[PDB]
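Residues per chain, in single letters:
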Protein chains: 2
Amino acid sequence: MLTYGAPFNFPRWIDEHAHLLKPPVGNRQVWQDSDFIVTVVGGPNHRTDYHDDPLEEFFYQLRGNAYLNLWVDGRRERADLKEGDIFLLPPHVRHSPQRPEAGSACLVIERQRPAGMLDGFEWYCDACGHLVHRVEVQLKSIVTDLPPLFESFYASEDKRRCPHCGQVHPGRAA
Amino acid sequence: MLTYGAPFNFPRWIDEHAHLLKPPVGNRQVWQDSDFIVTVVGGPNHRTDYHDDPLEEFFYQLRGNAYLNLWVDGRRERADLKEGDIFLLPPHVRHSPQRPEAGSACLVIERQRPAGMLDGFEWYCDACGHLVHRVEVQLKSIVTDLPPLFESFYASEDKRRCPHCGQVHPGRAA
Ligand SMILES: Nc1c(O)cccc1C(=O)O
Ligand SMILES: Nc1c(O)cccc1C(=O)O
Ligand SMILES: [Fe+3]
Ligand SMILES: [Fe+3]
Ligand SMILES: [Fe+3]
Ligand SMILES: [Fe+3]
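Residues numbered from 1 in each chain as written, not as in the entry; some residues may be left out. Chains lettered and ligands numbered in written order. Heavy atoms only, no water. Residues with missing side-chain atoms left out of burial classes, pairs and counts.

Colleague: Describe the relation of the copies chain B and chain A, listing the residues and the values that go with them.
Modeller: Screw-axis analysis of chain B against chain A gives a translation of 0.0 Å along the axis, an RMSD of 0.0 Å, and a rotation angle of 180°. On the angle and the small slide along the axis, the relation comes out as a two-fold axis. The share of interface residues of chain B whose copies in chain A are also at the interface is 100%, consistent with both copies meeting through the same surface. (Least-squares fit on C-alpha atoms. Contact = heavy atoms within 4.5 Å.)

Colleague: Let's hear about the coordination of the iron ion (ligand 3): which residues, and what values?
Modeller: Residues and elements named next belong to chain A. Donor atoms from the polypeptide that coordinate the iron ion (ligand 3) comprise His51 (ND1), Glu57 (OE), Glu57 (OE) and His95 (NE2), at 2.1 to 2.6 Å from the metal. Considering all 6 donor atoms around the iron ion (ligand 3), angles at the metal cover 52 to 150° and the coordination shape is irregular. Read in sequence order, the donor residues for the iron ion (ligand 3) give the motif H-x5-E-x37-H. Taken as a pair, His51 in strand β3 (residues 50-52) and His95 in strand β8 (residues 95-98) lie far apart in primary sequence, 44 residues in all. (Donors = N, O, S within 2.8 Å, 3.2 Å for Na, K, Ca; no water. Tetrahedral: all angles 85-135°; square planar, octahedral: opposite > 155°, others 65-115°. Helix = DSSP H or I, 4+ residues; strand = E, 2+ residues; numbered from the N terminus.)

Colleague: Please set out unusual backbone geometry residue by residue, giving values where relevant.
Modeller: Here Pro23(A) and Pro24(A) are connected by a cis peptide whose omega angle stands at 0°. Structurally, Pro24(A) is set in the loop between α1 (10-16) and β2 (37-41). Backbone torsion omega between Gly43(B) and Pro44(B) reads 0°, so that peptide bond is classified as cis. Mapping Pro44(B) onto the fold places it in the loop between β2 (37-41) and β3 (50-52). Even without being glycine, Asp33(B) reaches a positive phi, approximately 45°. With respect to the secondary-structure elements, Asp33(B) resides in the loop between α1 (10-16) and β2.

Colleague: Please provide a residue-by-residue account of the sheet that holds strand β9 (residues 105-110) of chain B, values included.
Modeller: A sheet is described by the order of its strands in space; here 5 strands give the open sequence β1(A)-β7(B)-β4(B)-β9(B)-β2(B), paired in antiparallel fashion. Edge positions in the sheet fall to β1 (8-9) of chain A together with β2 of chain B, since each of these pairs with one other strand and no more. Alignment of strand β4 (residues 57-63) of chain B against strand β7 (residues 85-89) of chain B, held across 4 bridges, turns out to be antiparallel. Bridging from a neighbouring strand, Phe58(B) pairs with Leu88(B) of β7(B). (Pairing = 2+ DSSP bridges.)

Colleague: Tell me about the coordination of the iron ion (ligand 5), and please be specific about residues and values.
Modeller: Geometrically, a metal with four donors at the corners of a regular tetrahedron has ideal angles of 109.5 degrees, and one with six donors at the corners of a regular octahedron has ideal angles of 90 or 180 degrees. All names here are of chain B. All of the protein donors around the iron ion (ligand 5) are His51 (ND1), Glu57 (OE), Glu57 (OE) and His95 (NE2); their distances to the metal are 2.1 to 2.6 Å. For the iron ion (ligand 5), the 6 donor atoms in the first shell make angles of 52 to 150° at the metal, so the coordination geometry reads as irregular. One chain supplies every donor for the iron ion (ligand 5), spaced along it as H-x5-E-x37-H. Across this residue pair, the class does not change: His51 and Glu57 are buried. (Buried < 20%, exposed > 50% of the residue type's maximum accessible area, 1.4 Å probe, protein only.)

Colleague: Go over the nonpolar core with me, naming the residues and quoting the values.
Modeller: Ranked by internal contacts, the top residues of the largest apolar core, which has 34 residues, are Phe10(A), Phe58(A), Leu107(A), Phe10(B), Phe58(B) and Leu107(B). Apart from residues no more than four positions distant in its own chain, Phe58(B) is found in contact with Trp31(A), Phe36(A), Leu107(A), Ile109(A), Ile86(B), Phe87(B), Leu88(B), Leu107(B), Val108(B) and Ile109(B). (Core = buried A, V, L, I, M, F, W, Y, C linked by side-chain atoms within 4.5 Å.)

Colleague: Can you tell me about the sheet that holds strand β7 (residues 85-89) of chain A, naming the residues and giving the values?
Modeller: Taken in spatial order, the 5 strands of this open sheet run β2(A)-β9(A)-β4(A)-β7(A)-β1(B), and their pairing is antiparallel. On the outer flanks of this sheet lie β2 of chain A together with β1 (8-9) of chain B, each paired with one strand and no other. Sheet topology places β2(A) next to strand β9 (residues 105-110) of chain A; 5 bridges connect them, and they run antiparallel. Within β9(A), the position partnered with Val41(A) by the bridge is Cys106(A).

Colleague: Describe in detail the site of ligand 1, supporting the description with residues and values.
Modeller: Residue and element names in this part refer to chain A. Taken together, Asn27, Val41, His51, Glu57, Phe59, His95, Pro97, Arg99, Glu110 and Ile142 make up the full set of residues near ligand 1. Take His95: an N or O atom from its side chain is 3.5 Å from a nitrogen atom of ligand 1. The side chain of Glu110 places a nitrogen or oxygen atom 3.3 Å from an oxygen atom of ligand 1. Calculation on ligand 1 without its partners gives an accessible area of 290 Å², and the protein chains cover 99% of this total. Elements that contribute at least two residues to the shell around ligand 1 include exactly β4 (57-63) and β8. Of the residues belonging to the shell around ligand 1, the class tally is 4 nonpolar, 3 polar and 3 charged. (Near = heavy atom within 4 Å. Polar contact = N/O pair within 3.5 Å; in protein donor to acceptor, adjacent residues only side chain to side chain. Areas by Shrake-Rupley, 256 points an atom, 1.4 Å probe, with all protein chains shown as cover. Nonpolar A, V, L, I, M, F, W, Y, C, P; charged D, E, K, R; others polar.)

Spelled out as structure tokens, the structure:
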């Protein structure tokens, strides 16, 4: 059958679940236990981390504006998600989704990482730009399974310690 | 780098390439040689066939209206893509995308079928509802590689011949 129910108006939906869009990831997955992972992220989000997805990621800023800090060749950068734009992120490209304006909604779509495929979550230093701390995982919930790490890094000086210059990363408040 | 270039306004795009949306599939792939397959299909389309995708398929009727004939348990049916709706098609569920109103645009997203994974394209009889003709393939272009079969079925009575009641399928004109 139509496991994922039948079709439904997307805007309305966004309008109804406008209140479930909350930090630190601001997510909200549309259909559960699928392969295509259709989440809808709103603002304001608090990300100071860099996701290292091993798969592609697609976005279409349905309503609102936002950006993406990223590493081009090894140089800090920034992609701008101006309302109405779409964009496909190649694999492993490091992304730091910045969603500031409340009432924002972006369609983020990814896949289910196979068993054996891990996503990474890095943190870089402000002064020296060296990798400060990275973690690899067998992702199983881009909604209810991310914050738990953030929470154990923003809480550990040992980790937020730059292995190149020693400057400690701000953490849970950049 | 950003292989798929950087972000861009999606509506504008749709507006520019409004003239490349043509039958019998009406497609138009957004980014080439990727994994996520972002096509944008417009109307009017001429489909009398049933796609048997081995993977999920997602749609968001950006602008316009359209529907999907499908087989529920083995009963002809119909999903309605009213503008603004989204919907995820489970795997193998047989679909017959009907896109009638010119100037229509739907965001259809699928994946790249691995090597060894084939999509099917069936045809059923009007009177007896039995499978009339089916073909399996290692898909490699939901834009420039489909019509070629349609063309060899609509042109072959032998195939359009119901193996249960004998009534010939209309073909290239239902
Ligand atoms: N990049 C993201 C991710 O990996 C999971 C959930 C949300 C995002 C995002 O870009 O907002
Ligand atoms: N179902 C489709 C497919 O398999 C390829 C291209 C377009 C469609 C569609 O639904 O329009
Ligand atoms: Fe990500
Ligand atoms: Fe440093
Ligand atoms: Fe299909
Ligand atoms: Fe028949």
